[PDB]
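Engineer: Just passing along the structure, written as structure tokens.
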Amino acid sequence: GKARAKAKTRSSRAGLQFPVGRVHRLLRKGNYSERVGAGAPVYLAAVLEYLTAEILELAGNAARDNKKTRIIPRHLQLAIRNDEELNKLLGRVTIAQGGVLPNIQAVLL
Amino acid sequence: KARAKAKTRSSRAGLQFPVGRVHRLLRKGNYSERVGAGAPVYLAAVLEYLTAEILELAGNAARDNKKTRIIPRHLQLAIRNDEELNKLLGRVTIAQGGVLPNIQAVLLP
Amino acid sequence: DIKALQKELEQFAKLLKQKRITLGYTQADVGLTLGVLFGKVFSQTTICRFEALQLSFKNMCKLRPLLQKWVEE
Amino acid sequence: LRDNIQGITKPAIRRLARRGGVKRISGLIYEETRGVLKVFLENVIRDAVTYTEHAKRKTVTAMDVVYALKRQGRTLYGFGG
Amino acid sequence: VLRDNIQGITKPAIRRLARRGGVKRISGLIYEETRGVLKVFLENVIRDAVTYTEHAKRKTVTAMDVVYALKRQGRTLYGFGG
Amino acid sequence: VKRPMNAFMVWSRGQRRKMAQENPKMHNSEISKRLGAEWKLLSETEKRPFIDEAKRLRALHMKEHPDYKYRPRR
Amino acid sequence: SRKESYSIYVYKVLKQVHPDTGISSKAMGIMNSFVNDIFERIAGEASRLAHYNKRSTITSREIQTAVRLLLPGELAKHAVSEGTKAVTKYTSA
Amino acid sequence: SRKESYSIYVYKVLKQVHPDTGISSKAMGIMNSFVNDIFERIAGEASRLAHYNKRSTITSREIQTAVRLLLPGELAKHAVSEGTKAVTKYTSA
Amino acid sequence: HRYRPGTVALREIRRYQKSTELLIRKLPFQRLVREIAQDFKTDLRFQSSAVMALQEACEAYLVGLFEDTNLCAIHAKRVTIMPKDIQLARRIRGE
Amino acid sequence: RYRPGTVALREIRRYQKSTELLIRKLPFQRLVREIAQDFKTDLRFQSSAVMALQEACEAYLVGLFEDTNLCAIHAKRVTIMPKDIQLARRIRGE
DNA sequence: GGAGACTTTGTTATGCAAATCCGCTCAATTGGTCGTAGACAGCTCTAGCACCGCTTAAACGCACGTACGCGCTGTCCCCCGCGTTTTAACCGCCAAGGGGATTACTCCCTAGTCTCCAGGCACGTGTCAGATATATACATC
DNA sequence: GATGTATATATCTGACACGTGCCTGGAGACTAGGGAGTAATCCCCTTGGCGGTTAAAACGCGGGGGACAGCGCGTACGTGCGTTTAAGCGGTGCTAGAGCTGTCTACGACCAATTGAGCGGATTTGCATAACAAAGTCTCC
């Protein structure tokens, strides 16, 4: 894995930015199972972090294309719809104030 | 209903479906930490109602086709020719169900 | 004395402005220069509000030593 | 209240249609579109009201709307949830 | 090793399905398009059925793995367990 | 009291005057688009004399009007 | 190896609605998938309602709300009426 | 009165990905809904797998299987690699 | 001076595709929501956020419907959308 | 000889009334195995797993043909073409 | 006869919302004990694979003719775009008060344990409703 | 008149409906401990109204572009017919692997004490925008 971690929290040991202890609590709470294994919140926090990073990266690139330094709902919508895997994962999601993509059928020109 | 005289819970409730089993299935399965006393009674009554409704319609289909027995096809006809059940079961595939005899008018001579 | 402080800050900001203009520098340059000298980079919005004294007394006092250095350099 | 369905005016219908890429709209679209909108709203509102009532509240909140939409396969992001 | 069994879905298999669906006439290119569609549907259902099978550490795909694979896609199937 | 010219402005009225003389009766929106593009394509060395003139003009402007405050309004 | 199903109960209902009609084993396999599917959906929604309102108990009220959200048209009304009677009678018996 | 969210962690990730880009509050509201929705789907499927295989415990294996079932293509593959690595580092000395 | 028909329609299509604001005016939308709600139960109140959530969802729905409606019209070799293109899109879709 | 369309209408009624599988069983199994082999080698199938896959596949294709037929009618045709299949899939969201 | 629109870049000021800081709370981290869920080894014996040979129903190829798809023309409806009139949305501000959230008590309902025993299930009998085959007549093309 | 489908008989078969005896999950009665319900308090956000500005909606008109109906070719599909293929059935056999049980240990729940990461509420600070320098040309009040 990554070379090291010494700090006390679980997120630090796992090399993550996302919380681990919180994830564990949320898994214990709403009746998903009677028991939650030690690696369950670690593995899951890493996955959520990965997916979070991809959307933000793509949205940030959209912001630069519009010559802005900020992510707004529109940039998130473009980031998702111009990426096939995210588009499938989030295919049914309505993003408030996200707008639409500029698709004009050629037959109308 | 006027009365019951038995030791079982299904009898007290005037039901044919088991009550104790429903309670057991609600406790197991992680639906909640607790299951209230009326929860399996109310639920058993609902399952019984819906079961009775399908069978009555399927039985009528069997007689229309001049049969004494219900087969998967009659269950399909009973459901598809009834709007409320069709919505409830709109995505259900019935093994050996068959289809309704729908022919578009534009195809006819 | 808040009035004595106000006068000192007004005088400082005025000297800062006069040197900035005399030497041909923009508010953007004061901002960038401070970043290089201190690690704390300021935008021209901050420099404008400082010169206009639209900032709190504490911010002006805290930023002043950095701006004093800017004038000297 | 009565007849507020007419508050969805022709230009509203057209602007939505344009966003969707429609170049020409026949004259009967306006009524058909209103019928569609109304059905969508009744189904979403009815469920939001049902959640509101279950909880014994009198005010429909954003979350009741969000759950009503989630159940229809229309997950909405940005209003809580 | 198996190959080219997509052709096992013969023209009459396609025609019969189309007729059950009420189709009166079929273009000559339907046959190929239909095969492409069937194959995609099967790959997605099989892939999930295999995934459930591996999780459970079995080597045999059972009816239940197929049923969960289908349930998951919004296609509940009745009569093989559920 | 009017504002001092910046480096673009010192350069552009010099070049705008040239453009107007070479091509009189040319609309300034054409001249301005061309001047904008040329400025963007200039090196720091090429811009430098206008930068230095702009610096001098700003200092002179302040000395001429030490009490000038730019007050734009909506 | 022991399994549970509702074939007894389905059969008993059939004889009340149609005393002279039988049911094939494949038809019975379908009725069992049906009962299990409805059970899960109602129980699933009732679970969610309890969670949403920060409760840990499923009562007859959640089951009733879940029925209204899941069943269309008049199925919801008749199912609610029947559930109400079963609880009422049970309580008093 | 206290309500939790992932706003702080989302910000921290944005910093590493794009050091000079900020995020609006509305965009953050969307990112919080995104994380909550993915969390529930994965946790939901992992729960179902444990039930199907008659286990009472959710472990990293169910989470991994749930990830493969829910995420498409290469998105799933890279997510699996990151999860595997984090667990390995976590349990390692 | 005049533009030929369709010139403006294309400008509008680009304009509306680029922007993100709501297209249905808010007060009449809000009254429609209340009218419907009264039939289900009287004396309900709504949070302003509930109304906004409904509106956002409604427009997203109608916009998606128009995209599919438009495809149906193209399939039929038309530019103009008609009620039947809406109905076909809904039926195939499953509504 | 019968005129074109007499037989097709006959067959439509016949297939709508019956319930049997239309795709031959052994060809279907080989297709299932071929696909499964690409995902993982040495898998076995229960006979009931294959039947579940086959019932689902036919139900899927039949439903697709019904929507395909509507599209062809909309376009004022009787004959179904690849584009009607594609339109139906696109509207559905595949 | 005079103002202002129109265009370019770069420096200044300005409204609002986002990034950063402080102090305090309370959810996350140690560290230890307990009990049981699940890993592992070993056994039975189900049911899934593989091959062979025969019948025979369905698939395959090819010839023929015509019903349908496609392109073209021409007519008339009806939707677009413009400019003018009218209407109701939107903006601020204000007051009134109903319902949502919080807190602190109280009593009832459900989990858990233990006991008892009859309703439900594999397994073996016993009877028949509709398929399979023949022969008659009418429905549809 | 020719080609298909439903209806009047006789027989038997796989499939169902019934009855024993054996558990093993369902029901009854106690107890304890938390959860949900009640009443009383605060005060935040909702409704409702008011007047004024003006941006969007409504209306009419005329003109062009597109929907629509009708026609005529030509080829791509259906429908028969005879030959060929491979499915389906039954039979024999083997053995991998599902499914079960029984020990035993590492794993996670639970508790109680401790402590730093994260929360809200202030407070700093940047983005995003827009006004204006010069200058000449053209437009409108």
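Ligands are numbered from 1 in the order shown, residues from 1 within each chain, and chains are lettered A, B, ... in the order they appear in the structure tokens.
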Tell me as an NGL selection string which residues belonging to chain L come within 12 Å of chain I, counting only C-alpha atoms (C1' of nucleotides).

Structural biologist: :L and (45-47 or 56-57 or 63-68)

Engineer: When the cut-off is 12 Å and we count only C-alpha atoms (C1' of nucleotides), which residues of chain H are near chain L, given as a list in words?

Structural biologist: residues 1, 2, 3, 4, 5, 6, 7, 8, 9, 21, 22, 23, 24, 56, 57, 58 and 59 of chain H

Engineer: What's the 9 Å shell around range 36-51 of chain J, counting only C-alpha atoms (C1' of nucleotides), without same-chain residues fewer than 5 positions away, as a list in words?

Structural biologist: residues 1, 2, 43, 46, 47, 50, 59, 60, 61, 62, 63, 64, 65, 66, 67 and 80 of chain E; 25, 28, 29, 31 and 56 of chain J; 47, 48 and 49 of chain K

Engineer: Could you pull out the strand (DSSP E or B) residues of chain B from DSSP and send them as a PyMOL selection string?

Structural biologist: chain B and resi 34-35+69-70+93-94

Engineer: Go ahead and write the residues just picked, C-alpha atoms, as a short mmCIF file (atom, residue, chain, number, x, y, z; two decimals), in the first residue's frame.

Structural biologist:
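The result, written out as again.cif:
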data_model
loop_
_atom_site.label_atom_id
_atom_site.label_comp_id
_atom_site.auth_asym_id
_atom_site.auth_seq_id
_atom_site.Cartn_x
_atom_site.Cartn_y
_atom_site.Cartn_z
CA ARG B 34 -38.89 -4.02 17.54
CA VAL B 35 -42.11 -5.38 16.10
CA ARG B 69 -57.80 -25.93 -12.45
CA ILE B 70 -55.60 -22.84 -12.24
CA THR B 93 -42.41 -11.92 -15.45
CA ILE B 94 -44.36 -15.08 -14.94
#

Engineer: For residue 57 in chain C, please output as a short mmCIF file (atom, residue, chain, number, x, y, z; two decimals) with N, CA, C and O atoms, in the first residue's frame all residues within 12 Å (counting only C-alpha atoms (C1' of nucleotides); exclusion window: fewer than 2 positions along the same chain).

Structural biologist:
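Below is the file result01.cif, written as the result:
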data_model
loop_
_atom_site.label_atom_id
_atom_site.label_comp_id
_atom_site.auth_asym_id
_atom_site.auth_seq_id
_atom_site.Cartn_x
_atom_site.Cartn_y
_atom_site.Cartn_z
N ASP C 1 -5.68 54.92 22.88
CA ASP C 1 -6.58 55.88 22.26
C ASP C 1 -6.92 55.48 20.84
O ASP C 1 -6.04 55.40 19.97
N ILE C 2 -8.20 55.23 20.60
CA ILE C 2 -8.66 54.83 19.29
C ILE C 2 -8.49 55.94 18.27
O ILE C 2 -8.33 55.65 17.08
N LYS C 3 -8.57 57.21 18.68
CA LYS C 3 -8.42 58.25 17.69
C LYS C 3 -6.97 58.40 17.31
O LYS C 3 -6.66 58.66 16.15
N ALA C 4 -6.07 58.23 18.28
CA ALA C 4 -4.66 58.31 17.96
C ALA C 4 -4.30 57.20 17.00
O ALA C 4 -3.56 57.41 16.03
N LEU C 5 -4.89 56.01 17.22
CA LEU C 5 -4.65 54.88 16.35
C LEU C 5 -5.22 55.13 14.98
O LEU C 5 -4.58 54.82 13.98
N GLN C 6 -6.43 55.68 14.93
CA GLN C 6 -7.03 55.95 13.65
C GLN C 6 -6.16 56.89 12.85
O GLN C 6 -5.93 56.64 11.67
N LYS C 7 -5.64 57.94 13.49
CA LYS C 7 -4.81 58.87 12.76
C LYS C 7 -3.53 58.21 12.28
O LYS C 7 -3.12 58.44 11.14
N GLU C 8 -2.91 57.36 13.11
CA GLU C 8 -1.69 56.68 12.68
C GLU C 8 -1.95 55.81 11.47
O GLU C 8 -1.17 55.80 10.51
N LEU C 9 -3.06 55.05 11.50
CA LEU C 9 -3.37 54.17 10.39
C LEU C 9 -3.71 54.96 9.14
O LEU C 9 -3.30 54.57 8.04
N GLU C 10 -4.42 56.10 9.29
CA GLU C 10 -4.74 56.93 8.14
C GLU C 10 -3.49 57.46 7.49
O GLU C 10 -3.39 57.48 6.26
N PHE C 50 -7.96 48.08 2.47
CA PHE C 50 -7.03 48.61 3.45
C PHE C 50 -6.80 50.08 3.22
O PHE C 50 -6.96 50.89 4.13
N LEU C 53 -9.49 52.17 4.22
CA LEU C 53 -9.76 51.98 5.64
C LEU C 53 -11.14 51.41 5.91
O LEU C 53 -11.84 51.85 6.82
N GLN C 54 -11.53 50.41 5.11
CA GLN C 54 -12.83 49.75 5.23
C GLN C 54 -12.75 48.48 6.07
O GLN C 54 -13.72 47.73 6.21
N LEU C 55 -11.57 48.23 6.58
CA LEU C 55 -11.25 47.06 7.37
C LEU C 55 -11.30 47.41 8.85
O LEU C 55 -11.35 48.58 9.22
N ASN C 59 -7.42 44.35 11.88
CA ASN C 59 -6.82 43.89 10.64
C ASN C 59 -5.83 44.87 10.12
O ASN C 59 -4.79 44.50 9.56
N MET C 60 -6.12 46.15 10.28
CA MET C 60 -5.21 47.13 9.77
C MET C 60 -3.92 47.10 10.57
O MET C 60 -2.83 47.18 10.01
N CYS C 61 -4.03 46.92 11.88
CA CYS C 61 -2.86 46.87 12.73
C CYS C 61 -2.02 45.64 12.45
O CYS C 61 -0.79 45.71 12.48
N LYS C 62 -2.68 44.51 12.23
CA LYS C 62 -1.98 43.26 11.95
C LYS C 62 -1.32 43.24 10.59
O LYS C 62 -0.24 42.68 10.44
N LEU C 63 -1.97 43.84 9.60
CA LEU C 63 -1.42 43.89 8.26
C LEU C 63 -0.37 44.99 8.12
O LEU C 63 0.57 44.86 7.34
N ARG C 64 -0.53 46.09 8.86
CA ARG C 64 0.38 47.21 8.75
C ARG C 64 1.86 46.84 8.70
O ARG C 64 2.52 47.27 7.77
#

Engineer: Just need the residues of chain G within 7 Å of chain D, counting only C-alpha atoms, so spit them out as a tab-separated table (two decimals) with C-alpha atoms, in the first residue's frame.

Structural biologist:
chain	number	residue	atom	x	y	z
G	53	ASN	CA	-39.35	9.24	11.83
G	65	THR	CA	-48.94	3.74	5.68
G	69	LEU	CA	-47.86	4.04	-0.52

Engineer: With a distance threshold of 10 Å and counting only C-alpha atoms (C1' of nucleotides), extract the residues of chain J near chain L and express them as a PyMOL selection string.

Structural biologist: chain J and resi 1-5+7-8+10+24-27+79

Engineer: Within 12 Å of chain J, which residues of chain I are there when counting only C-alpha atoms? Please give them as a list in words.

Structural biologist: residues 64, 65, 66, 67, 68, 69, 70, 71, 72, 73, 74, 75, 76, 77, 78, 82, 84, 85, 86, 87, 88, 89, 90, 91, 92, 93, 94 and 95 of chain I

Engineer: Near chain C, meaning an atom within 9 Å, which residues of chain L appear when counting only C-alpha atoms (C1' of nucleotides)? Write them as a list in words.

Structural biologist: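 Those within range of chain C come out as residues 124, 125 and 126 of chain L.
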
Engineer: How would the residues just chosen look if you wrote them out with C-alpha atoms (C1' of nucleotides) as a tab-separated table (two decimals), in the first residue's frame?

Structural biologist:
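That gives us selection_32.tsv:
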chain	number	residue	atom	x	y	z
L	124	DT	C1'	-11.59	37.99	7.51
L	125	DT	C1'	-11.05	38.02	2.49
L	126	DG	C1'	-11.59	36.77	-2.29
